[PDB]
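*Asks:* Sequence first, structure after, both from an experimental entry:
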Amino acid sequence: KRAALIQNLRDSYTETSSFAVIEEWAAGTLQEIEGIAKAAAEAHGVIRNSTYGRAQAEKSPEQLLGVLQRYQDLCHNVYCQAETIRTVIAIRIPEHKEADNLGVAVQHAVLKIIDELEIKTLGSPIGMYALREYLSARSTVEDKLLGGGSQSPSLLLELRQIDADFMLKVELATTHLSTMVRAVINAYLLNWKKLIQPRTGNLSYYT
Amino acid sequence: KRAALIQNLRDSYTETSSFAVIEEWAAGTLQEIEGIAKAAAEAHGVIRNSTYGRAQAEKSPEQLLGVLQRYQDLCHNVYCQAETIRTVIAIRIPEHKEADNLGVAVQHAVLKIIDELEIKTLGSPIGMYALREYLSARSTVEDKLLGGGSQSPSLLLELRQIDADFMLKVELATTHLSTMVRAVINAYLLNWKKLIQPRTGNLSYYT
Amino acid sequence: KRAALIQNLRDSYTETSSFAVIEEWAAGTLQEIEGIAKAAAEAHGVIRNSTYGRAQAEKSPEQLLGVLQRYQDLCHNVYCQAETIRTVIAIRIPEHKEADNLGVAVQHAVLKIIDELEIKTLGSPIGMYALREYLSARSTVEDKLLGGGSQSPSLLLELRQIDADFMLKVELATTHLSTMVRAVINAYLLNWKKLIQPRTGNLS
Amino acid sequence: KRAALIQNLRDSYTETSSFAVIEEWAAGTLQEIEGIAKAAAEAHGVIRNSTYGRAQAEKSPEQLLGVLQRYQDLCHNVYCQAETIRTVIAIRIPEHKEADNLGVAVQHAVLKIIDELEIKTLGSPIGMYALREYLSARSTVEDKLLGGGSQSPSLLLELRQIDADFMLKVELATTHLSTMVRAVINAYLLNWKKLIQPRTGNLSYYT
Amino acid sequence: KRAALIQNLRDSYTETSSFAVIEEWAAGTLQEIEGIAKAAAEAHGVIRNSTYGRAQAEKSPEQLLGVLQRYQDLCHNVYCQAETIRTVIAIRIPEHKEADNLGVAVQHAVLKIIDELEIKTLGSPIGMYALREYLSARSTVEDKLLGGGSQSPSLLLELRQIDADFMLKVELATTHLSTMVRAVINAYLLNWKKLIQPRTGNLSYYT
Amino acid sequence: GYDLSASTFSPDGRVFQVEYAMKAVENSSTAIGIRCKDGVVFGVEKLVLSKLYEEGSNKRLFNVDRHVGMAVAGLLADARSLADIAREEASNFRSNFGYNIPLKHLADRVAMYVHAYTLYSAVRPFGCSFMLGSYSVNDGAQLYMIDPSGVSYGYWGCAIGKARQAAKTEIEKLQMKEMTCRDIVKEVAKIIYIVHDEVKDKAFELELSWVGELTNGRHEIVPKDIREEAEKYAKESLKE
Amino acid sequence: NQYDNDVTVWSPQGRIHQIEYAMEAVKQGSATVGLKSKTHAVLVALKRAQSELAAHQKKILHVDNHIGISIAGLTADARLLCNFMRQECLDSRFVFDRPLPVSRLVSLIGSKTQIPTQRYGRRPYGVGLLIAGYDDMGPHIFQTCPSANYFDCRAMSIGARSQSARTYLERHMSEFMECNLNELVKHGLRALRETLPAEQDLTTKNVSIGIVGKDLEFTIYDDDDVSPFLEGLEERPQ
Amino acid sequence: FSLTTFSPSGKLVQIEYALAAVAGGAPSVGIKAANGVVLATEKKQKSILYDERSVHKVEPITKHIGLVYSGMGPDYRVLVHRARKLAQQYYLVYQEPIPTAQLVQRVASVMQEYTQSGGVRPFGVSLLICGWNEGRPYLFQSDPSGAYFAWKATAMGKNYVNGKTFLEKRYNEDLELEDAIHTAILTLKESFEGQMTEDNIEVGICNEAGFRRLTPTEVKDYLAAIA
Amino acid sequence: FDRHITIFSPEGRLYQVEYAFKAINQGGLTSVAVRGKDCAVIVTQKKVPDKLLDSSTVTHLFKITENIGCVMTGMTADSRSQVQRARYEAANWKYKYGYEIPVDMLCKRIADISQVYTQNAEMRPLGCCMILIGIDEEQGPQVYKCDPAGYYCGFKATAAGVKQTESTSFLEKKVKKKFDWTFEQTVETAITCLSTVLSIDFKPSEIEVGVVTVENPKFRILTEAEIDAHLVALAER
């Protein structure tokens, strides 16, 4: 049966599943965001307070890779958590109609905000695959400096700034993702009643 | 409860968090901006009044790296301070409706200027990561003038012009960022009442 | 207080601070534009009436560098004063409404002109950083000519024509920037009343 | 005072200054365009009746440089006096209003045509900087034909085809520029009453 | 004077100067378009039923350069003929108004078809400058096949495919061009009366 | 938009059509009126667009009754209409109550007819302000002005048109409460000559009217021997 | 731009553009001239034909034995207003047995045409009139406008190319007062001739004249009754 | 936007939006006992300055008919007047007091007059009409559409769904007029955002003796959970 | 859209009627009314910008009947129309029914008139508020206010204008203590409210005070020589 299939869908992804994501976001995700941000600052200070030589091209500090992998994990978790809410809203967009679409606009607005949170922030300043970017951009200069070796002094500082600006990028992207998550929380918690039941029939003036 | 989450969101970032940002921008950030501009205009004339040789390719001048780092540390805090106002406004956008959206339009217009501050004036002429592209541009000349070397005078003069242009760009970008900050201050101060409480009143004849 | 932050901004950037810009533009900047066009025409007529050899690749002509530095300084000053006018207009845009928006329209109209002058016309044909572009385009051909260099006959003429096309570019850009300055002057002088108090309309 | 500045501007760029340009365009510029269109086709027919070899790589044809320099001078002279008409119209755009803009529409409509003439049909198909566009390519081919040399004959015919194609480019660009000038002449002559005094204050229904 | 200029400009480009173009297009241009597609199909069938080796990379066919040159000579004449109609219509646009613009719409509608033809469909699938586009690619393949002589077989097959895909391209472009010319003929012949005199003012309801 | 009808409000409670109708009065020539101790005096800056118009065309001073005068600024057809309404009001008043209408009452009756045009979609507001002036032994001298909105207030001195500011700045200098009409004529002509600008518009005519003791409650055009004797004083006081 | 599609709408500058556009319909009609001496008032028009093989459109209309009009603009508005005038004059002769003054007729015309300027669902009258009459105050020449405004005039020309006639009349006003009828009609005809191209000239077919005075009712001279008034005109070169 | 226009689904949208103005007014309860009918509503003021003894949400139409509403009071004062006139027309013709159903019909006709023309909006009120005719109680519910419903108990206004489920779970017949007032006040106590005083509500009952608006003393009596 | 013509919105609201409450604040003035045990008082400010105006004509207090007085707040031309309609209704009431109209009834008649403008698209609503005062036979002094929407209610005290919330805070803070209300206490309360919310240190020229009492039920507008008597007593304590 057709309604049986629609029921099997709407029972697997319910309002409770979408609210379990909002609780976790408001509780732990934001503190993890702020932790990655303070860690990025803690790392950026070290590079700002350091001199680099040819020896620093022979090894990459694991302090930066740890923060980049933490941001990687955070981005992945938030992407899946947001696609859950998207799946909850999108299996309830009702029959297409010229009118009676005052709740459909709500669904499209919240889906647009979630699409923003995904694409405009996670990369799916800097996004999910910043670690690949860092390692490629550095592996260029590490070969240009070793061979034989290049006597360019500005290259040696450009290595240092590759190390620093990525921590800065993390520190800013986390600050922006916090705002986006805090906006999605309000949007859901204010509009959740017409995301589930968008249409409400009044047949009182019929006989 | 849901209202508990809303209220704990809004208690952490209130109006005073944003008025602190505006009052600090009106006092210290502007002064820092003109200071960086004067430093860059002072650095321009030095390189202008100097003939370059190959000795200037075997050494990067500290007096430009300092100005670029100062501009970077300014832009970082401007971004992180603007995101506070963004987070204060975006967690009060009320539930979606087809009307009573005057203060909603105020909110969106005051976000339409903070994004203008963040994107097309901050890099996140030139922006935050000037310090990496300055070095990656000058290295391309320093590796050619040293190798044997190269025997083009225009390349030496372009090294000189590279060192000069990035101070010119800092001066211009500071001149532009001052205008944008002064334009954000007015937009906040003339609209903060509709930014927090957009939808007001419930009149007695509706009962 | 909040209202003190308003007037401490609006008193430092008054209508006089922009009318001074307009007056100096009308007086001296137009003549400077004319002079740079004059010098670019001079150098362009000089390099057309010549014949380059491989000796030419071992020195950059200063007649071109001075002209490009002069245009660079002009464009820098114009950008600064344009941003002064922009600040004067932009610190006075009133609160946001759905009606009584006839002066805000004028504000955005003149800000469009200032943006058109800043972005599309100063590079901030060619704008502020013509000199380094010239130097790159010439360094490529110089290194390709000097090395057992290159036996190409057209490469030398390409160098010769770079050196002239850039003066042509400076001439055209001057001719174009004069027009935009003259347009901004008329816009300001005709709309400065609504650029200050666009919304004086109250009850009576 | 202010009106003195307005009048000092509008007295230096008058309807006479623009009618002179229109008359010169209708008199001599069109004949020069046609002459270039003749010479380009002559050179094209010449180069079609040729057989290129290694000898045609060590010598640039002056017959082509002449035509290209002639087209360059033409485009420059047309641009610089199109800017005259532009300034004439632009120092008379009246104050901003939401009504009585039936002459402002004519002003903008003619300035669009002037934009078409200026920014694309003169390169500010091919435009002003066609000679450098020709010599860069021909040098790129000569450097391989001469060396050790290249024995690919499609390269040798690509030389021929470059030399023929650019003459065809000029032959077509002249044909298009003639039309674009003949349109501006009519657009000016039919509208210079409203391009100059767009608004007319003569309202007899007041006291 | 001014009316003298307008009439001296309009009598030089008359409705007969466009009807002659339409006649020639309906008569001979379409048969030439057919003959080029015929020869391109012949050469395509020739190239398919043959196997390539090193000897093909040492000289180009006399069969394909002829077809491409003929297509080039076609497109040149079609462009130069379209611009005559363009001029005839463009020197008769009447003075700008906010009303009485139903013939101006016809003018701007046929000029859009002419714009779709000349600037775009002639490339001023493939355009007039296709012979150089063929020769550059075939030279790129030839210099790799001749050299160290690359022993890659897919390269030698790509040679044969370059020699056929361009004949295919000409065969398609000729069909498309015939379609567009047949469209322009109708568009002119059904609208030539308002393309010339778009406004008529026999105003009888005024005394 | 919110500015196309007088049946429409804006989100801040403004009706922009009524304001745009005042913008039309701001663009018209200047008329003034001054209340003296024993009468009222009207003066109008009457512009002559062409020399083909007779001397006496486009009269902007109207007699609405045998004790009431009217000066207008704005659209002139609208003013002639409102004069025709102010005449039938005073006519019906005498027909029903048997005596001359007061000016505080006539002003209210015309103000309401003007206000009625600020409420509907089928009509526009009036494009003219105007002053009324009367004198009676009991009611004394009186001067009211009525705006397009329908507001009506009393005055000691008033102006309407282009040079409103410039004219009231000169009228406040007058000690009108001490003076008579023949002395205020000089001042009325002097102000009209001060505020008139010969470069902004061409030559003009001076138009004056009176009501007071010296006319016995009869609104009259000023005689020529006095209008010239005041136009002369206006010229001789322009040495300043 | 967008305060134009209705007459009940003001613009932010305080203007009604439909009225200004109705005033532009007077410029589409042929030119008329009006002028007066101290004894007589004259209207001369220039008639216009649709097809060459048809009759010329009639430009001057009889309203009463002491009033007449010449029209430039829409024909229908003129035909309505003329029928208004005629009944307003008959209504005055019926009650008072006197001819209606001209000032009191043009005041009524203005009061009538003021309504379409203010109420929606009616079009402004796109016709201008020059009104020549004679009453107990002498001769009169009145201009009437689509703006519901009207002027008292020494002379005036309206219609297409009427600035030439106006410029002519403006420098001969000092003569019209003591002119006899022939000279006055000739001044009118010359002012009218100044509105034509240099190619064309005045003709019996395209000239109508209307005269009213003390001892003369409003008469109209159309085709062959005009040739006395044309004889005397200097054959102008250019 | 327009009222003389159907949607393709076949709905009248301005009527649906006029019901949204009823769904946001103050709550109102209605219970039909065996020997009476109760009408109760929330009469709460925005300040201590408003004099509550000057306006009434419970109004009589006749000796034996009474009203409450949810929504707009300006709209209510029109229908009160119309109902009071229609009752008198009926009396003038037949010299018998109007039955409670005929008044509902003739008042829904008035509400329907304002649903068919352009240039008029419908009423932003629903009504509850209590009566006592022919030895039986009655309770109806007129809507802006022109439609009426006879109820045994119902609630209108804010939280009109939970207030109705409360009645479904806490209402039966074999009651009397005093056990029903307690239930009506309990049904109003759900939505009362504060302490319920004698002056924050307004009560009216109908019975064999006729309609009467209770006094603040009688309200304070039963506000103690008494009877 | 749902804001130009008087239609309903999806949330059941009328925005053109809410925008007529905003026109009340365009005049830029504030009115206050207070009720006592034997009196009822209305107060407003009298702002002439020019010295050329006659101050006698610049008023917002009006006499509807001998026993009923009004203060109007909002657009000035709308108020004269509403006042003339109030006078016509008060006169026809007595012509028809043979006794003077109360305030309770005149107020709701004006409100019934105003509601038709919200339910019919013929005419615009009036951007004006109205506060009435009068002495009743059994009920005593009365203070009544009506709105552009047709809402009306009686009050112990109320205000109308820009400083209306910060006036009704003052008033609700003073009313709870329930002192022995009197004529002098009433007028002092009103003037103190208008002084606090405006902070202006009033003159007798800058306000106009209308009063009505059980002793003299005739509405009378006070003189500057009688407002000074109450103003001096304020500075003392």
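*Replies:* Thanks, I have it. Numbering: from 1, shown residues only, chains lettered A, B, ... in the order given.
*Asks:* Could you give the bridge partners of residue F:143?
*Replies:* residue F:133 (DSSP bridges).
*Asks:* Spell out which parts of chain G neighbour chain D.
*Replies:* G:1-4, G:11-13, G:15, G:17, G:19-20, G:23, G:145, G:147-149 (C-beta under 8 Å from any C-beta of the partner chain). Backbone N, C-alpha and C define where each C-beta goes, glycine included.
*Asks:* could I get stretch F:148-165 in CSV with only the CA atoms?
*Replies:* Listed next in CSV are the C-alpha coordinates belonging to stretch F:148-165 (Å, rounded to 0.1, in the frame of the first residue of the first chain):
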residue,chain,number,x,y,z
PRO,F,148,-4.9,71.4,2.4
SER,F,149,-5.2,69.0,5.4
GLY,F,150,-8.1,71.0,6.8
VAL,F,151,-6.4,72.8,9.7
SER,F,152,-7.4,76.3,10.6
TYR,F,153,-5.7,78.7,13.0
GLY,F,154,-5.9,82.4,13.8
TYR,F,155,-3.0,84.8,13.1
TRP,F,156,-1.6,88.2,13.5
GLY,F,157,0.6,87.8,10.5
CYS,F,158,1.0,85.0,8.0
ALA,F,159,2.5,84.0,4.6
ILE,F,160,1.9,81.3,2.1
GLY,F,161,4.1,80.2,-0.9
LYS,F,162,7.7,80.2,-1.8
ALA,F,163,9.1,82.8,0.5
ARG,F,164,7.1,81.9,3.6
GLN,F,165,10.2,81.9,5.9
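*Asks:* which residue is nearest the middle of chain G?
*Replies:* residue G:130 (2.3 Å; C-alpha atoms, centre = their mean).
*Asks:* Please identify the helix or strand for the residue lying closest to it once chain neighbours are set aside.
*Replies:* Spatial nearest neighbour of residue G:130, excluding adjacent residues (C-beta to C-beta, 6 or more residues apart in numbering or on different chains): residue G:34 at 4.0 Å. Per DSSP states H and E, residue G:34 falls inside strand G:32-36.
*Asks:* Show me what secondary structure element comes after the longest helix belonging to chain G.
*Replies:* For chain G, the helix that runs over the most residues, judged by DSSP state H, is helix G:75-96. Using DSSP H and E, the helix or strand that follows helix G:75-96 in sequence is helix G:103-113.
*Asks:* Whether the next helix or strand after that next one contacts chain F - can you check?
*Replies:* Reading on from helix G:103-113 to the C-terminus, the next helix or strand found by DSSP H and E is helix G:115-118. Yes: using C-beta under 8 Å from any C-beta, helix G:115-118 reaches chain F at G:117-118.
*Asks:* Give the other helices and strands that the next helix or strand after helix G:115-118 contacts.
*Replies:* Under the assignment DSSP H and E, the closest C-terminal helix or strand after helix G:115-118 is strand G:127-135. With contacts taken as 3 or more C-beta pairs under 8 Å, 6 or more residues apart in numbering or on different chains; DSSP states H and E, strand G:127-135 sits against strand G:32-36, strand G:40-45, strand G:67-73, helix G:75-96, helix G:103-113, strand G:138-144, strand G:155-158, strand G:208-213.
*Asks:* Could you check the angle the helix or strand that comes right after the last one makes with strand G:208-213?
*Replies:* Toward the C-terminus, strand G:208-213 is succeeded by strand G:216-221 as the next helix or strand (DSSP H and E). Strand G:216-221 runs at 170 degrees relative to strand G:208-213, counting by axes from the mean of the first three to the mean of the last three C-alpha atoms, to 10 degrees.
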